[PDB]
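Below you'll find only one chain, the form deposited in one PDB entry, shown as C-alpha coordinates.
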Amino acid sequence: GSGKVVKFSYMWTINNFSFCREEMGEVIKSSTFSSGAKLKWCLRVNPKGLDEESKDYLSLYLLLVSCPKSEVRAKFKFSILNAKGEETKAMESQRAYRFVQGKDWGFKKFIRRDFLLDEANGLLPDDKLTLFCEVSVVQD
(Lines give C-alpha, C1' and ligand atoms only; values in the text may rest on other atoms or scores of the structure.)
Protein backbone atom coordinates (compact mmCIF):
# COMPACT_ATOMS: atom_id res chain seq x y z
CA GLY A 1 0.00 0.00 0.00
CA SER A 2 1.58 3.22 -1.34
CA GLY A 3 0.27 6.16 0.70
CA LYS A 4 1.03 9.80 1.57
CA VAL A 5 -0.15 12.47 4.00
CA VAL A 6 -1.14 15.12 1.48
CA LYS A 7 -2.96 17.54 3.82
CA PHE A 8 -2.83 18.47 7.48
CA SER A 9 -3.91 21.19 9.88
CA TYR A 10 -1.85 22.40 12.80
CA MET A 11 -3.49 24.32 15.63
CA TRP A 12 -1.24 26.46 17.85
CA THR A 13 -2.19 28.40 20.98
CA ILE A 14 -0.02 31.13 22.47
CA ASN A 15 -1.07 31.82 26.07
CA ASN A 16 -0.87 35.25 27.74
CA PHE A 17 -0.28 36.75 24.30
CA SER A 18 -0.29 40.28 25.76
CA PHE A 19 2.72 39.20 27.88
CA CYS A 20 4.66 38.50 24.67
CA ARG A 21 6.71 41.68 24.59
CA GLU A 22 9.18 40.54 21.88
CA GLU A 23 10.23 43.58 19.82
CA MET A 24 10.07 44.08 16.04
CA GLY A 25 12.00 41.28 14.39
CA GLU A 26 12.05 39.07 17.47
CA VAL A 27 10.31 35.72 16.97
CA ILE A 28 8.29 32.98 18.67
CA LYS A 29 8.76 29.47 17.35
CA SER A 30 6.24 26.69 17.87
CA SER A 31 7.48 23.20 18.64
CA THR A 32 8.37 21.17 15.56
CA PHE A 33 5.64 18.99 14.06
CA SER A 34 5.89 16.28 11.40
CA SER A 35 3.68 15.07 8.55
CA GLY A 36 3.47 11.57 8.07
CA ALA A 37 4.28 8.22 6.49
CA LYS A 38 9.07 12.32 6.55
CA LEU A 39 8.54 16.07 6.63
CA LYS A 40 9.20 18.26 9.64
CA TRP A 41 7.78 21.78 10.13
CA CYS A 42 7.36 24.56 12.67
CA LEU A 43 5.59 27.91 12.83
CA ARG A 44 7.15 31.29 13.52
CA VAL A 45 5.33 34.42 14.57
CA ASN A 46 6.69 37.93 15.10
CA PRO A 47 4.33 39.45 17.70
CA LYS A 48 5.55 42.90 16.72
CA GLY A 49 6.41 42.56 13.06
CA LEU A 50 9.42 41.20 11.28
CA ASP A 51 10.41 44.69 10.16
CA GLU A 52 9.47 48.36 9.72
CA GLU A 53 7.22 47.53 6.79
CA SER A 54 5.28 45.38 9.25
CA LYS A 55 5.85 47.29 12.51
CA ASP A 56 2.10 47.39 13.20
CA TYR A 57 1.58 43.79 12.20
CA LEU A 58 2.02 40.32 13.56
CA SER A 59 4.04 38.26 11.05
CA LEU A 60 3.27 34.59 10.50
CA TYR A 61 5.44 31.94 8.84
CA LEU A 62 5.56 28.24 8.03
CA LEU A 63 9.07 26.74 8.19
CA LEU A 64 10.20 23.49 6.56
CA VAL A 65 12.58 21.94 9.11
CA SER A 66 13.43 18.82 7.13
CA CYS A 67 12.53 16.87 4.02
CA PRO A 68 13.91 13.70 2.43
CA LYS A 69 14.64 15.36 -0.92
CA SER A 70 15.93 18.74 -2.08
CA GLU A 71 12.57 20.48 -1.67
CA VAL A 72 8.86 20.36 -0.88
CA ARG A 73 6.05 22.22 -2.70
CA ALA A 74 3.03 23.34 -0.70
CA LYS A 75 -0.01 25.59 -0.46
CA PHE A 76 -0.92 26.93 2.97
CA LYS A 77 -3.56 28.93 4.76
CA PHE A 78 -3.25 30.74 8.09
CA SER A 79 -6.22 31.89 10.15
CA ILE A 80 -7.17 32.70 13.72
CA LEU A 81 -9.75 30.76 15.73
CA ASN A 82 -12.07 33.09 17.62
CA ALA A 83 -13.90 32.89 20.95
CA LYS A 84 -16.68 30.83 19.37
CA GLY A 85 -14.12 28.48 17.83
CA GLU A 86 -14.80 29.72 14.30
CA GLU A 87 -12.17 30.69 11.70
CA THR A 88 -11.50 34.33 10.93
CA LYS A 89 -8.85 36.51 9.33
CA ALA A 90 -7.84 33.74 6.98
CA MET A 91 -5.12 34.39 4.40
CA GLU A 92 -3.94 31.74 1.98
CA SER A 93 -1.00 31.28 -0.34
CA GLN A 94 -2.63 31.63 -3.75
CA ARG A 95 -0.32 29.06 -5.26
CA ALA A 96 2.06 26.46 -3.85
CA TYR A 97 5.48 27.66 -2.76
CA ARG A 98 8.86 25.96 -2.94
CA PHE A 99 10.16 25.09 0.54
CA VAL A 100 13.67 23.80 1.17
CA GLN A 101 15.27 22.84 4.49
CA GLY A 102 15.45 25.76 6.87
CA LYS A 103 13.38 28.06 4.65
CA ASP A 104 9.98 29.53 5.50
CA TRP A 105 7.07 31.25 3.75
CA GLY A 106 4.14 33.20 5.17
CA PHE A 107 2.56 36.61 5.64
CA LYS A 108 4.62 39.56 6.90
CA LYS A 109 1.43 41.54 7.58
CA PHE A 110 -1.02 38.80 8.59
CA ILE A 111 -3.01 40.96 11.02
CA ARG A 112 -2.74 44.34 12.72
CA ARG A 113 -1.81 44.38 16.40
CA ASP A 114 -4.31 47.10 17.27
CA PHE A 115 -7.10 45.11 15.70
CA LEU A 116 -6.14 42.02 17.65
CA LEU A 117 -6.08 44.08 20.88
CA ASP A 118 -9.33 45.94 20.20
CA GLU A 119 -11.14 42.64 19.64
CA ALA A 120 -9.32 40.90 22.53
CA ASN A 121 -12.62 39.64 23.95
CA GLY A 122 -13.26 37.71 20.73
CA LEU A 123 -9.78 37.07 19.30
CA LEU A 124 -7.85 36.63 22.56
CA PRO A 125 -10.14 34.68 24.93
CA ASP A 126 -8.37 34.42 28.30
CA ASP A 127 -5.61 36.30 26.50
CA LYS A 128 -4.88 33.23 24.38
CA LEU A 129 -4.13 33.49 20.67
CA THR A 130 -5.05 30.36 18.73
CA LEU A 131 -3.60 30.07 15.25
CA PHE A 132 -4.66 27.60 12.59
CA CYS A 133 -2.44 26.50 9.69
CA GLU A 134 -3.81 24.23 6.98
CA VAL A 135 -1.18 22.88 4.56
CA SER A 136 -1.45 21.08 1.21
CA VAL A 137 1.66 19.15 0.26
CA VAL A 138 1.77 18.65 -3.48
CA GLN A 139 5.31 17.33 -3.89
CA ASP A 140 7.74 15.61 -1.61
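Shifts are known only where both forms have a C-alpha. Don't overthink the numbering: it's just position in the shown sequence, from 1. Note that the rigid core is defined as the largest set of C-alphas that superpose within 1.5 Å between two forms.
One more form of this protein should be noted, the form deposited in another entry, which is absent from this view; the next part is about it.
S.K.: For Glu23, state whether the C-alpha moves by 2 Å or more between this form and the one not shown after rigid core superposition.
M.R.: For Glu23, whose C-alpha is compared between this form and the one not shown after core superposition, the shift is 2 Å or more.
S.K.: Under a superposition restricted to the rigid core, does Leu117 display a Cα displacement of 2 angstroms or more between this form and the one not shown?
M.R.: No; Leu117 is a residue whose C-alpha shifts by less than 2 Å between this form and the one not shown when the cores are overlaid.
S.K.: Can you confirm the direction of the Cα distance change for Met24 and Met11 in that other deposited form, closer or farther than in this form, given it is 3 Å or more?
M.R.: Result: closer.
S.K.: Closer or farther: how do the Cα atoms of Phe110 and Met24 compare in that other deposited form relative to this form, given a change of at least 3 Å?
M.R.: Farther apart, by at least 3 Å.
S.K.: Sticking with residues common to both forms, list the runs of three or more in a row where every CA moves 2 angstroms or more between this form and the one not shown, core superposed.
M.R.: Three-plus residue runs displaced between this form and the one not shown: 21-25, 34-37, 119-121.
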